[PDB]
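Worksheet for the structure shown next.
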Amino acid sequence: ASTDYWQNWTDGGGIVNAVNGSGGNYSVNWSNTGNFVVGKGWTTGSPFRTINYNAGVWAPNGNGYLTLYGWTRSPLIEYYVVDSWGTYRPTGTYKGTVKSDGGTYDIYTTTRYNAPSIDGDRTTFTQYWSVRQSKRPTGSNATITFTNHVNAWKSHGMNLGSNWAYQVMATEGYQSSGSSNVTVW
Ligand SMILES: *[C@H]1OC[C@@H](O[C@@H]2OC[C@@H](O)[C@H](O)[C@H]2O)[C@H](O)[C@H]1F
C-alpha cells in the first residue's frame with residue numbers, strides 16, 4: 001500500500017537526520033539524541049490494517065526501537081508493536097502473550113506522566129505494548145498483522161480509543177546513536 005503520512009518528531013536533543021525517501025522508504029541517522037520518533041505510515045490508523053515493511057538497515061548503537069507506532073484519542077493512548085530493539089528491551093506490567101506473524105510477543109502496559117503527546121503540551125497517558133520475546137531478523141519482507149494484537153489486547157482489558165490518529169512503522173531512539181533504513185507498505 002501507499003503510505004500517506006510522514007512522522008518526524010524530536011524533542012530537540014542531539015542530531016537526528018531524518019530522510020523522507022521515495023514511496024514508503026525513509027532513513028535515519030542519529031547521534032547523542034534525546035527522544036525522537038521517525039517513520040512512515042498512514043494519517044488515520046486502523047485496527048484491521050496489515051503492515052508490511054523491510055528494514056534494509058537496523059543498526060542502533062544504544063536504546064532504539066523498530067516498532068509499529070500509533071495513537072488514539074478518547075482515550076489518549078500511545079501503542080507499540082516492537083519487532084526489534086537495541087541495548088534495551090522495553091517492558092512494563094506483564095499482561096500475557098500473543099502469537100503473530102511467526103513470532104511470540106509479550107503484552108505490557110505502562111504509564112507516562114507529564115509527557116509530550118499528540119495533543120501538544122504535556123499530559124499523563126497509558127501506553128500499550130507488544131514486544132517480541134526475541135528480536136525479529138531484519139533485511140527481509142516482514143508483516144505485522146495488527147488485528148491480532150488489537151484482539152489480544154482487548155481480551156486483557158486493553159481497549160483503544162474511538163478516535164484514531166496516525167499509524168506508522170517507526171524508529172524511536174532515546175539518548176543514543178544509530179542508523180536505520182526502512183521501507184513501509
Ligand atoms: C511516545 O513517543 C514519543 C512521544 O510522542 C510524541 O509526542 C509529541 C507529538 O507531537 C509526536 O507526534 C509524538 O510522537 C511520547 O511522549 C512518548 F510517550
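Residue numbers start at 1 in each chain; chains themselves are named A, B, ... in the order of the C-alpha cells; ligands are numbered from 1 in the order shown.
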
Give the residues close to ligand 1, within 6 Å, counting only C-alpha atoms and all ligand atoms; write them as a list in words.
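Checking only C-alpha atoms and all ligand atoms against ligand 1 at 6 Å gives residues 9, 37, 115, 116, 117, 118 and 120 of chain A.
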
Might you pull out every residue within 9 Å of residue 56 in chain A, with only C-alpha atoms counted and same-chain residues fewer than 5 positions away left off, and present them as a count of residues only?
7

Near-residue 128 in chain A list (8 Å; only C-alpha atoms; drop same-chain fewer than 3 positions) as a PDB file with N, CA and C atoms, in the first residue's frame:
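What landed in out13.pdb:
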ATOM      1  N   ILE A  77      -4.130   7.209  23.864  1.00  0.00           N
ATOM      2  CA  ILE A  77      -3.277   6.058  24.077  1.00  0.00           C
ATOM      3  C   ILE A  77      -2.189   5.976  23.026  1.00  0.00           C
ATOM      4  N   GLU A  78      -0.965   5.729  23.488  1.00  0.00           N
ATOM      5  CA  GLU A  78       0.201   5.530  22.625  1.00  0.00           C
ATOM      6  C   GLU A  78       0.512   4.035  22.559  1.00  0.00           C
ATOM      7  N   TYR A  79       0.416   3.412  21.386  1.00  0.00           N
ATOM      8  CA  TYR A  79       0.641   1.967  21.326  1.00  0.00           C
ATOM      9  C   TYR A  79       1.872   1.594  20.505  1.00  0.00           C
ATOM     10  N   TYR A  80       2.351   0.375  20.754  1.00  0.00           N
ATOM     11  CA  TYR A  80       3.552  -0.143  20.111  1.00  0.00           C
ATOM     12  C   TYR A  80       3.463  -1.638  19.821  1.00  0.00           C
ATOM     13  N   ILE A 107       2.823  -8.976  26.233  1.00  0.00           N
ATOM     14  CA  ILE A 107       1.976  -7.799  26.294  1.00  0.00           C
ATOM     15  C   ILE A 107       2.220  -7.032  27.580  1.00  0.00           C
ATOM     16  N   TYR A 108       2.446  -5.726  27.461  1.00  0.00           N
ATOM     17  CA  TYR A 108       2.699  -4.894  28.634  1.00  0.00           C
ATOM     18  C   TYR A 108       1.951  -3.587  28.559  1.00  0.00           C
ATOM     19  N   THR A 109       1.753  -3.009  29.731  1.00  0.00           N
ATOM     20  CA  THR A 109       1.178  -1.693  29.842  1.00  0.00           C
ATOM     21  C   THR A 109       2.061  -0.845  30.718  1.00  0.00           C
ATOM     22  N   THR A 110       2.193   0.417  30.353  1.00  0.00           N
ATOM     23  CA  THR A 110       2.956   1.366  31.135  1.00  0.00           C
ATOM     24  C   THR A 110       2.240   2.694  31.145  1.00  0.00           C
ATOM     25  N   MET A 158      -7.319  -4.197  27.518  1.00  0.00           N
ATOM     26  CA  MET A 158      -6.601  -3.099  26.886  1.00  0.00           C
ATOM     27  C   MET A 158      -7.345  -2.614  25.641  1.00  0.00           C
TER      28      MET A 158
END

Quick one: residues within 9 Å of residue 68 in chain A, only C-alpha atoms counted, chain neighbours fewer than 2 positions away excluded, as a VMD selection string?
chain A and resid 51 66 70 79 to 83 144 146 167 to 171

May I have all residues of range 141-172 of chain A that DSSP, computed from the backbone, assigns to strand (DSSP E or B), given as an MDAnalysis selection string?
chainID A and resid 142:145 163:172

Kindly export the residues of the current selection with C-alpha atoms, as a JSON list (two decimals), in the first residue's frame.
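To be explicit, this is the file written out as again.json:
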[["chain", "number", "residue", "atom", "x", "y", "z"],
["A", 142, "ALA", "CA", 8.16, -8.62, 7.35],
["A", 143, "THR", "CA", 4.46, -8.42, 8.16],
["A", 144, "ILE", "CA", 2.63, -7.13, 11.19],
["A", 145, "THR", "CA", -0.96, -8.32, 11.39],
["A", 163, "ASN", "CA", -10.61, 8.36, 17.56],
["A", 164, "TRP", "CA", -7.70, 7.06, 15.51],
["A", 165, "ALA", "CA", -4.64, 9.22, 14.87],
["A", 166, "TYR", "CA", -1.58, 8.40, 12.73],
["A", 167, "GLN", "CA", -0.12, 4.91, 12.44],
["A", 168, "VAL", "CA", 3.44, 4.32, 11.28],
["A", 169, "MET", "CA", 6.35, 1.88, 11.17],
["A", 170, "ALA", "CA", 8.94, 3.85, 13.04],
["A", 171, "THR", "CA", 12.32, 4.15, 14.53],
["A", 172, "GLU", "CA", 12.38, 5.53, 18.06]]

Determine, counting only C-alpha atoms, which protein, DNA and RNA residues have an atom within 7 Å of an atom of residue 132 in chain A; residues of the same chain fewer than 2 positions away are not included. Present the result as a PyMOL selection string.
chain A and resi 82-83+103-106+130+134-135

Which of A:3, A:52, A:114, A:10 sits closest to residue 22 in chain A [using only C-alpha atoms]
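Checking each candidate against residue 22 in chain A, we get A:3 as the closest.
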
Quick one: of A:86, A:173, A:39, A:102, who's nearest to residue 60 in chain A, counting only C-alpha atoms?
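Smallest distance to residue 60 in chain A is found for A:86.
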
Name the residues in contact with residue 19 in chain A at a cut-off of 9 Å, using only C-alpha atoms, excluding same-chain residues fewer than 5 positions from it; report them as a list in words.
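My reading of the contact set: residues 25, 26, 27, 28 and 29 of chain A.
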
Quick one: pull the distance between CA of residue 43 in chain A and CA of residue 57 in chain A, Å, one decimal.
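Computing the Euclidean distance for CA of residue 43 in chain A and CA of residue 57 in chain A yields 24.5 Å.
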
Quick one: residues within 12 Å of residue 31 in chain A, only C-alpha atoms counted, chain neighbours fewer than 4 positions away excluded, as an MDAnalysis selection string?
chainID A and resid 12:18 35:36 59:64 173:179

I need the residues of chain A that end up classed as alpha helix (DSSP H) by DSSP on the backbone, written out as a PyMOL selection string.
chain A and resi 146-154

For residue 53 in chain A, which residue among A:126, A:141, A:147, A:111 is the nearest when counting only C-alpha atoms?
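Selected residue with least distance to residue 53 in chain A: A:141.
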
Given only C-alpha atoms as the basis, pick out the residue of A:58, A:5, A:185, A:71 nearest to residue 162 in chain A.
A:71
